[PDB]
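Ideal geometry is used to build each Cβ from the backbone, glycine not excepted, and the neighbour counts take in all protein chains shown. Derivation of every value follows stated rules applied to the coordinates shown; laboratory data play no part.
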Amino acid sequence: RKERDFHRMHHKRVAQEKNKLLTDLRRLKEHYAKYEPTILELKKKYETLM
Amino acid sequence: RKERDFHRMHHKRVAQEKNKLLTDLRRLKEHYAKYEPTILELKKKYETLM
Amino acid sequence: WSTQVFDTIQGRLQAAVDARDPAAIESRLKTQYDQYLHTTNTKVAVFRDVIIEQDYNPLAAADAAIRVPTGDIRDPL
Amino acid sequence: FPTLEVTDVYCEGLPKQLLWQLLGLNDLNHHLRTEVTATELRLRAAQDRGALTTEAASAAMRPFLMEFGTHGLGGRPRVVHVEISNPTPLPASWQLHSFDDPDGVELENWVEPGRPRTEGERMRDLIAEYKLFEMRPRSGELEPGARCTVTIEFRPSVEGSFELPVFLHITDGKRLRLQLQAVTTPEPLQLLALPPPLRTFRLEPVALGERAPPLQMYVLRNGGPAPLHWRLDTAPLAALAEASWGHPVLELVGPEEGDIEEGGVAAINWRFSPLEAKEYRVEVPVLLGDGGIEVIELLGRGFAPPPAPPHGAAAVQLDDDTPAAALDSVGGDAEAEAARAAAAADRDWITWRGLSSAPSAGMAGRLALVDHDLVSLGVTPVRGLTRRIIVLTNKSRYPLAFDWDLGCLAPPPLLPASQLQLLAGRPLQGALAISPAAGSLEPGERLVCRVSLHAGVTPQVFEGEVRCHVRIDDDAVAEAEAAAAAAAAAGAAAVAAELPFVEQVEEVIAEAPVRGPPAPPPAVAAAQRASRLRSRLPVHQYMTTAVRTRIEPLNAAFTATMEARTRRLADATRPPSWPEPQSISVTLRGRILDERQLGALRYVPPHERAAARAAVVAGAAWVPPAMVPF
């Protein structure tokens, strides 16, 4: 039981850290999907200019 | 004993997944850092072309 | 959670509420309420927590209630 | 050591011999029977303390392939019933284990295995997600001689290939890995039945100077996908003939091409006529409708018989079958008996210790039982009429229509002795018949069916499969229902006789005040009230009209619950009986042998040499003479 509890908390804390990384990844992805349409619009203006 | 073995294998697996997620997050940070200079570069080229 | 707890408790609630005949329920509640009516009409006053539990014992109604046992819960685990 | 044995395996529409061969159960039974198990102790030690890993265990455990072949997408799932028994007196406890699958551990807020990023583990995880491979009993325990009836089922719902390793893990004993290998094709791509014993077909050794080499039958099955268009290139055989001083060897007798239907049987006859005692390895390709090789290797040897005595000094006629002395007598060559033993392990299911040749598994859910599956017709003379009996029993409470079909064993449209030329081009070179072609059978009624084989002039060895189709007798059940209806009508007539001319209101014409149904007697009203209060709608789920108007989602939930309660009645009202028609099949193997070959016991298996000698010395097989033409 002692060994089981030790491995339980190691596994759980690792899983929690993985979930935190996933949330951070979501945040950055949203933050830069905000920027991407500006690049697309500049591309359209560039093409029209040529 | 079954629980401790189970938690050991899944602890190792989630640690590996966390490491992979960290590497992917670094690559994503690189790409996002590549994003923002493109807006400035496109703006300057747009001005020069027009 | 549904199947282990709620389905089990509702299934045990049924086949007990269903088992109870409506006529028996009516007769039971009638005996109780007529006992209360008789003690109200005879005695000058009615008090809770003061009854003699001899002429009128209302808690028998609570005794004659469906009791359901318990099994196991998955959410609490 | 407490071990296990597979006695028999049942699957839908597949020969028992073919299933045993595909699962390679000979090797499994051998390994589970005898092994020192030196490394299995280390394997158990690693299983303890959690050191074992699936990949390392598979790499070190020598997996055995559980081949389910290819399945068309959306086809019926395939079920495998395996009977596990204890040969050893010690009771045997066994635990099918696979670390990917749960090991009896309670999961509480533990994230499911993440993105594997390796396609092998990914395929394993999709198997786990969509229950593609499932074994029902999981862990079990058996007393000596018990039967467990394990079931393993595969669900062809996803596309692509799938390999899942599990291992038997007997508590005290050997631990063998089984790799369930299957592919589910979203598109029809023909894949011929390709078991390892059939890929390298071990030809039975034959006499060097045999007047007529025995036709040997090779059976091809379509498998899961669309019907298979096969064509066999004779060019390698022609090259062999050219190398062999222009003599025909390993000749094909049937058609060069053919079109096997889905789940069908096609038989091809080979003539092995050797010129030396050396091994004759010949490799032939099989071109399918779509591009494919499916190459087949044929191996045979030379018998090198004892020199034929001159007529003056011939052995007069009026040695034990079991010992290896019999094998040595059937071919003096050292490797001829080795080839014969290899062919026996390849095709003769009788010699396999584990197999029981009994219905065994599948007791539940089968409409009927053949008392003795895997029946062997005895070795027969040239024009021999050999009969056996097979009894069929209806376990179902419903009548069963029993029809008989022959895959490649059909007679040409018994046979007249003079006109045996009709047998030309026929894979069997015989006429199989069964006394009941198609008969109805009441529940719990056992029927005797006489299977009779009338052989032709060409010596042959056949290992065919005969199908029996069992269906629920709609005519019989309808007749029973009609009889019940007639009885009800008679009872109604009796009631009418009791009460003369009971009035029934035909219709109503402008009943000026609206008249409701007549009031039931108070006791009946109370009973109807109690019936209504039964199946009362649950308290937490009953939304009053006010609450439904106030809260739309509660109104939608109430409507959904009403729809569900209405739906619940339909399933009960539907008669769940009348299961699907079931096709059982029995494998028949026999040896049509020439008189010379029978007298010399040239090709009789050692298992039946006693019967062969009996039939030679004292006439034990009938030869229907009929009437001579002249």
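Points to keep in mind about this one:
- Taking the numbered list (1) within 14 Å of another protein chain (Cβ to nearest Cβ); (2) in contact with a helix residue (DSSP H, G or I) (Cβ under 9 Å, 6 or more places away or on another chain) in turn, D:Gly120 passes all entries but (1).
- Restricting D:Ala344, D:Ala401 to residues that are part of a helix (DSSP H, G or I), hydrophobic (A, V, I, L, M, F, W, C) and crowded, with 16+ Cβ neighbours inside 10 Å narrows the list to D:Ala344.
- Criterion violated by D:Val457 - all others in (1) in contact with a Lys or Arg (Cβ under 9 Å, 6 or more places away or on another chain); (2) of a type in the set (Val, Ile, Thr); (3) part of a strand (DSSP E or B) satisfied: (3)
- Against the criterion of being surrounded by 16 or more Cβ atoms within 10 Å (Cβ to Cβ) and either within 9 Å of the chain's Cα centre (by Cα) or within 14 Å of chain D (Cβ to nearest Cβ) (or both), B:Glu30 does not qualify.
- When residues of region D:299-337 are limited to those that are within 34 Å of the chain's Cα centre (by Cα) and aliphatic (A, V, I, L, M), the one farthest from D:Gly619 (Cα to Cα): D:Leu299
- Which listed residue is buried (at least 18 other Cβ atoms within 10 Å of the Cβ) and closer than 30 Å to D:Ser85 by Cβ, from D:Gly378, D:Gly430, D:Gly444, D:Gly407: D:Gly378
- Restricting attention to region A:33-50, the residues being more than 7 Å from chain B (Cβ to nearest Cβ), of a type outside the set (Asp, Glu) and either more than 18 Å from B:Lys43 (Cβ to Cβ) or assigned to a helix (DSSP H, G or I) (or both) number 6.
- Only one entry of D:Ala488, D:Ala497 meets the criterion of being surrounded by 10 or more Cβ atoms within 10 Å (Cβ to Cβ) and not in a strand (DSSP E or B), and that entry is D:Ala488.
- Condition check for C:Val46: aliphatic (A, V, I, L, M), over 30 Å from D:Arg529 (Cβ atoms) and loosely packed, with under 12 Cβ neighbours inside 10 Å: no
- Positions within region D:592-611 being in contact with a helix residue (DSSP H, G or I) (Cβ under 6 Å, 6 or more places away or on another chain), surrounded by 21 or more Cβ atoms within 10 Å (Cβ to Cβ) and not in a loop (DSSP other than H, G, I, E, B), in sequence order: D:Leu598, D:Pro606
- The selection criterion, being in contact with a helix residue (DSSP H, G or I) (Cβ under 8 Å, 6 or more places away or on another chain), surrounded by fewer than 10 Cβ atoms within 10 Å (Cβ to Cβ) and more than 30 Å from C:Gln14 (Cα to Cα), holds for D:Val502.
- Search result, residues across region D:22-67 that are within 25 Å of D:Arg124 (Cα to Cα) and in a loop (DSSP other than H, G, I, E, B): D:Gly24, D:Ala51, D:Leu52, D:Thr53, D:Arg62, D:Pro63
- Within region A:6-26, not a single residue is facing chain B (nearest Cβ under 9 Å), in a helix (DSSP H, G or I), of a type in the set (A, V, I, L, M) and under 14 Å from B:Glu36 (Cα atoms).
- Scan region D:81-117 for residues that are within 14 Å of another protein chain (Cβ to nearest Cβ) and not in a strand (DSSP E or B) and the total you get is 21.
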